[PDB]
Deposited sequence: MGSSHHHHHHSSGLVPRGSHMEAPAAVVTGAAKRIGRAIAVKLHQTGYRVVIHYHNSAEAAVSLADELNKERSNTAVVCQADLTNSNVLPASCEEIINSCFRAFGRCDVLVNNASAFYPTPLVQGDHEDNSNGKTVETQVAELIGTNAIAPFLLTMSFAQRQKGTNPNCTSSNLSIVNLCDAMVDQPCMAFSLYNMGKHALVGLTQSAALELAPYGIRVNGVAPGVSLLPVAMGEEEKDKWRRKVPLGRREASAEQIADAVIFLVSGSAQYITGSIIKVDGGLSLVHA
């Protein structure tokens, strides 16, 4: 019986790379998406071409709301329905945009704190409640202590996610559920970002003056879920090419 993984925000970019690598390793996968239905199904189609009935999609908004807990319960339920088990949860989905101190602000709070922290918390609860090499991997941020200017809410969300990673590692250890993070520095740059701004970031990276591929981020995820990480819990692995070590 193959293990099964849920990957949030898995239609594109880093989440897609993670889904693909888990699938290549032998997992059956739930590809969660919010707006990217076409891309989510295209990925499922590709994975199911390789191995029939090993990939399904699941739609949900992960914005904080009165219905978020039910939405997160259903994401976990979708894995059990499709595959009869849920071994791995990857909290990858994330809103990312500036929120200057000086969309309504309450909506920004709901999206940024919801996707990056509250949904991971609720998914973690539902994952644990429903329960071998069980683990959770949270996509963190190597730059949390040297944050982007005017990204307070995003940064708060990513700090909260560090807190969840630690608290859940502690509390779920008795159940044999490990809880770890992967912290990219600069990986795939935002599609909306200009080419000049992208190159400004790349030239800051000590190791090769380039961003991490999605696959390089996924490699750390694969390690953490693997049998080679069986004693590792509450750890956050930076995958940042030394970017966080570089002073102003």
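Unmodelled regions of the deposited chain sequence (numbering from residue 1, in sequence order): 1-21, 124-133, 163-171.
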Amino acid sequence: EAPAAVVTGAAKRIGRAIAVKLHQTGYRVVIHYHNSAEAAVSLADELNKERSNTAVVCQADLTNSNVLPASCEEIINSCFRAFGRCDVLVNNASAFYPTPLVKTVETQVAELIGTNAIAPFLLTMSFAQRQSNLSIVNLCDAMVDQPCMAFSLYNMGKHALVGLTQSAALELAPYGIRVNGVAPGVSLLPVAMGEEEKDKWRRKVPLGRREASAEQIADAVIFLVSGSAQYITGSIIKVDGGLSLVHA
From here on, numbers count along this sequence of modelled residues.
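The term rigid core refers to the most C-alpha atoms you can superpose between the two forms while keeping them within 1.5 Å.
The higher RMS C-alpha distance to the shown form in 9 other deposited structures of this protein, out of 201-209 and 217-225, belongs to 201-209, with every structure fitted on the core.
Between 182-190 and 55-63, it is 182-190 that carries the larger average Cα temperature factor according to the deposited entry.
When the C-alpha B-factors of 67-75 and 148-156 are averaged, 67-75 comes out higher.
Highest CA B-factor among 174, 100, 114, 163, as stated in the entry: 174. When the CA B factors of the chain's modelled residues are split into thirds, the value for residue 126 lands in the middle one. Ranked within its chain, residue 132 lands in the highest third, by CA B factor from the PDB record. When the modelled residues of the chain are ordered by their C-alpha B factor, residue 94 lands in the middle third.
Residue 34 sits in the middle third of its chain by CA B factor, as recorded in the PDB entry. Annotation for residue 2: CA B-factor lies in the highest third of the chain's modelled residues.
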